[PDB]
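J.: Quick one: structure below, then a few questions.
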Amino acid sequence: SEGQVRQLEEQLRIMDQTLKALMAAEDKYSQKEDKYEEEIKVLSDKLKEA
Amino acid sequence: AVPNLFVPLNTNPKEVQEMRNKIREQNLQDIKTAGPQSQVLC
Amino acid sequence: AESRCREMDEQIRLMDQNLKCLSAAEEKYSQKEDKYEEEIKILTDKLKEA
Amino acid sequence: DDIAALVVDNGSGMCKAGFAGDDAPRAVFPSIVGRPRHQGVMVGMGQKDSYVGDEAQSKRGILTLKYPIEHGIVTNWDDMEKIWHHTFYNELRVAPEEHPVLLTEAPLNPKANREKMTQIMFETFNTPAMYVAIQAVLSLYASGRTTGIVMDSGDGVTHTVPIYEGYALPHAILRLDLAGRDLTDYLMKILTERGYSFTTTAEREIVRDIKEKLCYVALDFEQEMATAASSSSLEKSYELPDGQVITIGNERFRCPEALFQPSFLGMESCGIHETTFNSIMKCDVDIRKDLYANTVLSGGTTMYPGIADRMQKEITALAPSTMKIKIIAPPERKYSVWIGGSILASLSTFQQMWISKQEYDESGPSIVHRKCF
Amino acid sequence: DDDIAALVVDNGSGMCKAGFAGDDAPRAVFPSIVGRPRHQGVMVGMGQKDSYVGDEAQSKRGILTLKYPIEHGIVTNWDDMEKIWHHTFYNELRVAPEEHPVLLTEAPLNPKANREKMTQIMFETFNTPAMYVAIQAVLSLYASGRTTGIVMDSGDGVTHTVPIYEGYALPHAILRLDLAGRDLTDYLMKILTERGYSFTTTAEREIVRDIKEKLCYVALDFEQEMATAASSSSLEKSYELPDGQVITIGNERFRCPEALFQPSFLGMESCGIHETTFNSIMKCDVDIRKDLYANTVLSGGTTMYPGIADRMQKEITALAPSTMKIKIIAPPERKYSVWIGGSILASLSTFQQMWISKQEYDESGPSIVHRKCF
Amino acid sequence: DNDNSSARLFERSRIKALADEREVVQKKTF
Amino acid sequence: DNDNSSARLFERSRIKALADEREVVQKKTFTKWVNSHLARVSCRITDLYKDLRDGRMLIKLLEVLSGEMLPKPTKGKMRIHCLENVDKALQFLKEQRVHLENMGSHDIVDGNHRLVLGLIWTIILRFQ
Ligand SMILES: Nc1ncnc2c1ncn2[C@@H]1O[C@H](COP(=O)(O)OP(=O)(O)O)[C@@H](O)[C@H]1O
Ligand SMILES: Nc1ncnc2c1ncn2[C@@H]1O[C@H](COP(=O)(O)OP(=O)(O)O)[C@@H](O)[C@H]1O
């Protein structure tokens, strides 16, 4: 029982490391996406004015 | 003197922006660190 | 040790579902950004048009 | 470079402490002091006059738990000294003479609180330098933006403050005495209807655990009343420490709803959404559209599931329809203040702003109003 | 008035009272105890009684195991409660419940299922036409003769304080404490072991209760009274048991009710009654606390001890600010004040529209009472 | 619960690991 | 302090004297009118503030003026029975759409001078 406990919990720590990496990448491209999201709005306003 | 008594002026915001990223780097990289050890301990 | 192992298995397979649940939406916007930029290019052309 | 400073957050509920420049605090523990109440009969077990922090939580059966901080105010200074000594020596294991300390406290507080805090941190612990900061400003540091209105809800007090481009408007700061302890007391009151009775201070922590585990903010209040009346799908089961099983059901979304309608507690004040909207409208015209786009939630009380959608919907209803409302809730918003403290504590330009020991010696404890904020 | 006078039934933990509306005194007062035999039955040819209900169970306490259906204000057993109600309606008041609306009383904070089951039982079995549930402290304020004050009512199962200002009640300031006459009885029965007298069975609980009712008082100063009682034997009384022995109560006369003011004697960490009343007052608003100081009303039998009013006034006056006046109002007939308020409540013409009709019970079910009462 | 799960992940990893490392170093040095 | 002292002296002299003198004469005329109408049912009032506390005089006056039967007053000498009688009278005024502001049963019962005078003036002006 000691044996599989010791194996399982370090497996868990590897997998939570993977979760952290993917969450960080998600935060990257979302904070990029909102400024791109209002970039298109500024472009449309320029169009309508012209 | 009364509007900005509490803070010093002419400071770049880029320094604060750099430091927040530096602190977030440790969270991303999962660094092991210990606290500062005392001189009297040494 | 055995009773701790039960709980640890529960936790690891719950997070095992959770990780690729997060992966899916990330790669959804990975395919979304293509149209989101290709429409902006046509919008810029329609901007200079006016 | 030289010696690193200490960051200590003293909320009303739980105390947090760590080294500056770190990502997360080293020591997180509840701010309670316990003393025994029954007879002691076993000769030779040794004596212990007080139990501080986490040690009082495990042996809470034979203690009377007491809170040193009440509504963001330090009432019993001796227990605060005990908590600070335990934090410095048992949790961080550092001599306080080598490190400067940075402390946090509420926006609107009595002057004597700050004066006594400065006197205690200089006179007894002999720290070389110290500083006091507002918690919500540190939340805005943690978020990383220069402009926004930040609403912090702890165990003692809720406060909203707007900041634009590094300038904080003092007349728009709103303070409300509705926090997690009041919600815990309301949960203790409404759990009587089903037959469960909790009276002593030991069971208050059980009620707090129940509230943290099985409570959620309803999106629509009356529709959830209709749903909970129609079916039994909203009931959840919890296990007491002694082994009995309780089942809450309807009261899951009625305890946290009381933040939005304080008339359930008998308070005349408005809800948190109306407080945030009123604090926004107290500002000037030109900065309001920036404050609508940068609302930041902070503190542990905002960790209910579904708080963000309810807040966004309410503020969208109250605000004019032509602008967009977004609520920025980081997942680690419990420790945001402390993270902000670290970001403040090790800036290069901040090192000139510590209250020096010589300045305290030549000025008395009144120097903290001239500096700090 | 062309309508049948309603029945007022007060259902406390200790005693049940019942009478007609419009009367100044109830007709039936009896302990709410249900008994069952425990010994072997011989002498075939004499009567068979399954259970003893009420006062008769107090006459044959030797051969019975005495049970209380209501404890801490909660109806734990319902068949015993139905037996109590049947004995009240048919053997004490001698009236058919189908011809009379009834009025019922209960503690402020209690489970909802108590109200639902009470309404369901009294409509579906006794076929009463209408009924209503009231809170005992509000009825105490009714019987006091004033419309503004704070009521501290302590029965045999529960203690509660409610403040009411000009007909408006404040639900956030209602306080409930589970320290009543039964715990005082148990504490007296425990501390009687010091002098060597032992009472264990349920039949001796009534003897201990009679000792508490006849030979107890509240001391003005506890430590000075303890020194006086340890100095000499000038404070000693003798009480004779039903079989013949005479016991000397001595020092225990002012130690049993002192647990009312200091609950730490019983192992509970809650505050006393005086601190509970003070905390309930400070939970109210700023403007009305001056009127609540001058109109404190005591109710319930547990406040019937000698010297309780002076001790309560002395305790509150020290806690309260010294700049105004504290008046403790204790009516001499505070034991029946709840029923008197219930009788006045059923005499008003405006109250006649607030009854829960049988049609309303058929429409909404037993859930109507939370909507209709209080 | 996903926000709760992320907060649990942060509190379990980042807060506890630093405390454990400091405890190890302090114990060995003491 | 001297300006404030003289100012509040001006208040407590002129404001108080004018209001109190007006209400005295107004009360005397009102009670004479009420005694004039109440001679038909053989009841009379000595004091306007004290006699209206029980509320039976108000019910009888409405019986005189309306000429139609009101609900019978409850034969009770309690405080709450007095409140009940005054509430019955005010409710009877309420069905026939006579407008009243700040009128309450406890206002009549505790003996508020301005409120009682206002109720009597409203009865005089809008009913007869
Ligand atoms: N996960 C959670 N979900 C809901 N409520 C919580 C949660 N964690 C803490 N709380 C509430 O927040 C309070 C603790 O808040 P905290 O951030 O410690 O306040 P402070 O640090 O200002 O004292 C607790 O009393 C509890 O009521
Ligand atoms: N004369 C008295 N002196 C002291 N205590 C009394 C006296 N009469 C009754 N008691 C106490 O009061 C209790 C009865 O209270 P009661 O008003 O009947 O409660 P409830 O009506 O809510 O059941 C008894 O148990 C007894 O201990």
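J.: List every residue pair whose Cβ atoms lie under 8 Å apart, where the two residues are 6 or more positions apart in sequence or sit on different chains, the first residue falls within region D:163-192 and is among the polar types (S, T, N, Q), and the second residue, located anywhere, is more than 16 Å from ligand 2 (Cβ to nearest atom).
T.: D:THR184/D:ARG204; D:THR184/D:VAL207; D:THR184/D:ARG208; D:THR184/D:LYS211; D:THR192/E:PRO111
J.: Which residues, counting only those in region D:1-58, are among the basic types (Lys, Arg) and surrounded by fewer than 19 Cβ atoms within 10 Å (Cβ to Cβ)?
T.: D:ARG35, D:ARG37, D:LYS48
J.: If I filter region E:148-156 for residues that are among the charged types (D, E, K, R), within 15 Å of ligand 2 (Cβ to nearest atom) and out of contact with any strand residue (DSSP E or B) (no Cβ under 8 Å at 6 or more places or on another chain), do I get at least one hit?
T.: Scanning region E:148-156 turns up no residue that is among the charged types (D, E, K, R), within 15 Å of ligand 2 (Cβ to nearest atom) and out of contact with any strand residue (DSSP E or B) (no Cβ under 8 Å at 6 or more places or on another chain).
J.: Condition (residue is within 12 Å of another protein chain (Cβ to nearest Cβ), touching a strand residue (DSSP E or B) at 6+ places or on another chain (Cβ under 9 Å) and more than 14 Å from ligand 1 (Cβ to nearest atom)) applied to region D:243-264: is it met by at least one residue?
T.: For region D:243-264, residues within 12 Å of another protein chain (Cβ to nearest Cβ), touching a strand residue (DSSP E or B) at 6+ places or on another chain (Cβ under 9 Å) and more than 14 Å from ligand 1 (Cβ to nearest atom): present.
J.: Just checking, does region E:220-240 include any residue being in a helix (DSSP H, G or I), away from ligand 1 (no atom under 16 Å from the Cβ) and in contact with a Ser or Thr (Cβ under 9 Å, 6 or more places away or on another chain)?
T.: yes
J.: Next question. Residues of region D:65-80 being more than 18 Å from D:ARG114 (Cβ to Cβ) and surrounded by 15 or more Cβ atoms within 10 Å (Cβ to Cβ), which ones?
T.: Of everything in region D:65-80, those that are more than 18 Å from D:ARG114 (Cβ to Cβ) and surrounded by 15 or more Cβ atoms within 10 Å (Cβ to Cβ) turn out to be D:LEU65, D:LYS66, D:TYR67, D:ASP79.
J.: If you don't mind, another one. From the list D:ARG333, D:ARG310, which one is surrounded by 15 or more Cβ atoms within 10 Å (Cβ to Cβ), of a type in the set (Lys, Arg), within 12 Å of another protein chain (Cβ to nearest Cβ) and in contact (Cβ under 8 Å) with a residue 12 or more places away in the chain?
T.: On inspection, the qualifying residue turns out to be D:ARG333.
J.: Being under 22 Å from the mean Cα position of the chain (by Cα), of a type in the set (A, V, I, L, M), within 14 Å of chain D (Cβ to nearest Cβ) and away from ligand 1 (no atom under 16 Å from the Cβ), is that true of even one residue in region E:32-46?
T.: So far as region E:32-46 goes, no, none of its residues is under 22 Å from the mean Cα position of the chain (by Cα), of a type in the set (A, V, I, L, M), within 14 Å of chain D (Cβ to nearest Cβ) and away from ligand 1 (no atom under 16 Å from the Cβ).
J.: Based on what the data block shows, is A:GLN11 part of a helix (DSSP H, G or I) and within 13 Å of C:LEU19 (Cα to Cα)?
T.: no
J.: Related question: Residues in region D:90-102: is at least one surrounded by fewer than 19 Cβ atoms within 10 Å (Cβ to Cβ) and either among the hydroxyl-bearing types (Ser, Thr, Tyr) or within 16 Å of ligand 1 (Cβ to nearest atom) (or both)?
T.: No, every residue in region D:90-102 fails to be surrounded by fewer than 19 Cβ atoms within 10 Å (Cβ to Cβ) and either among the hydroxyl-bearing types (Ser, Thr, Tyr) or within 16 Å of ligand 1 (Cβ to nearest atom) (or both).
J.: Okay, next question. For region B:1-39, what are the residues that are surrounded by 14 or more Cβ atoms within 10 Å (Cβ to Cβ), more than 13 Å from chain F (Cβ to nearest Cβ) and of a type in the set (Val, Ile, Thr)?
T.: Selection gives B:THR11, B:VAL16.
J.: Take region E:281-302 and flag every residue that is out of contact with any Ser or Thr (no Cβ under 6 Å at 6 or more places or on another chain) and within 16 Å of ligand 2 (Cβ to nearest atom).
T.: Answer for region E:281-302, where residues must be out of contact with any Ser or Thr (no Cβ under 6 Å at 6 or more places or on another chain) and within 16 Å of ligand 2 (Cβ to nearest atom): E:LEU298, E:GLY301.
J.: Among residues belonging to region D:104-119 that are hydrophobic (A, V, I, L, M, F, W, C) and buried (at least 21 other Cβ atoms within 10 Å of the Cβ), point out the one that is farthest from D:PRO365 (Cα to Cα).
T.: Here the residue is D:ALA106.
J.: While we're looking at this one, here's another question. Scanning region D:195-210 for residues that are in a helix (DSSP H, G or I) and free of Cβ contacts under 8 Å to residues at least 24 places away in the same chain, which turns out surrounded by the most Cβ atoms within 10 Å (Cβ to Cβ)?
T.: This residue is D:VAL207.
J.: Note down all Cβ pairs under 7 Å where the first residue falls in region A:22-50 and is within 7 Å of another protein chain (Cβ to nearest Cβ) and closer than 20 Å to C:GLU38 by Cα, the second is outside any helix (DSSP H, G or I) and not hydroxyl-bearing (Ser, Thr, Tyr), and they're at least six residues apart or on different chains.
T.: Cβ pairs passing all conditions: A:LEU47/C:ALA50.
J.: Please state which one of E:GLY244, E:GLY250 is touching a residue at least 40 places away in the same chain (Cβ under 8 Å) and not hydrophobic (A, V, I, L, M, F, W, C).
T.: Going through E:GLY244, E:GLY250 in turn, just one is touching a residue at least 40 places away in the same chain (Cβ under 8 Å) and not hydrophobic (A, V, I, L, M, F, W, C): E:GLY250.
J.: If you don't mind, another one. Do we have E:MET189 as farther than 29 Å from E:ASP24 by Cα, assigned to a helix (DSSP H, G or I) and in contact with a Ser or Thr (Cβ under 9 Å, 6 or more places away or on another chain) here?
T.: Yes: the conditions hold for E:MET189.
J.: Out of the residues in region G:75-128 that are small (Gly, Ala, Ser) and away from chain E (no Cβ under 11 Å), state the one that is farthest from the chain's Cα centre (by Cα).
T.: Out of the qualifying residues, it is G:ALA89.
J.: Any chance region D:354-366 includes a residue that's within 14 Å of chain F (Cβ to nearest Cβ) and part of a loop (DSSP other than H, G, I, E, B)?
T.: No; the residues of region D:354-366 include none that is within 14 Å of chain F (Cβ to nearest Cβ) and part of a loop (DSSP other than H, G, I, E, B).
J.: Which condition does E:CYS256 not pass, out of (1) outside any helix (DSSP H, G or I); (2) loosely packed, with under 14 Cβ neighbours inside 10 Å, if it passes all the others?
T.: The failed condition is (2).
J.: Looking at (1) loosely packed, with under 10 Cβ neighbours inside 10 Å; (2) closer than 20 Å to D:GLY18 by Cβ, which one does B:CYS42 not meet, given that it meets all the others?
T.: Unmet for B:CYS42, out of (1) loosely packed, with under 10 Cβ neighbours inside 10 Å; (2) closer than 20 Å to D:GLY18 by Cβ: (2).
J.: Can you tell me which residue in region D:161-182 is farthest from D:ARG145 (Cα to Cα), limited to those that are within 13 Å of ligand 1 (Cβ to nearest atom), more than 14 Å from every other protein chain (Cβ to nearest Cβ) and part of a helix (DSSP H, G or I)?
T.: Only one residue fits best here, namely D:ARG181.
J.: If you don't mind, there's one more thing I want to ask. Pairs, please: C-beta under 9 Å, at least 6 apart or cross-chain, first residue within 11 Å of chain A (Cβ to nearest Cβ) and in region C:27-38, second among the small types (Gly, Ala, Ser)?
T.: Filtered contacts from region C:27-38: C:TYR29/A:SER30.
J.: Do we find that A:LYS20 is of a type in the set (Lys, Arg) and over 16 Å from C:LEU22 (Cβ atoms) in this structure?
T.: no
Every residue, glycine among them, receives a Cβ derived from its backbone with ideal geometry; neighbour counts consider all protein chains shown. None of the figures in this text is laboratory data; all of them are computed from the coordinates on show.
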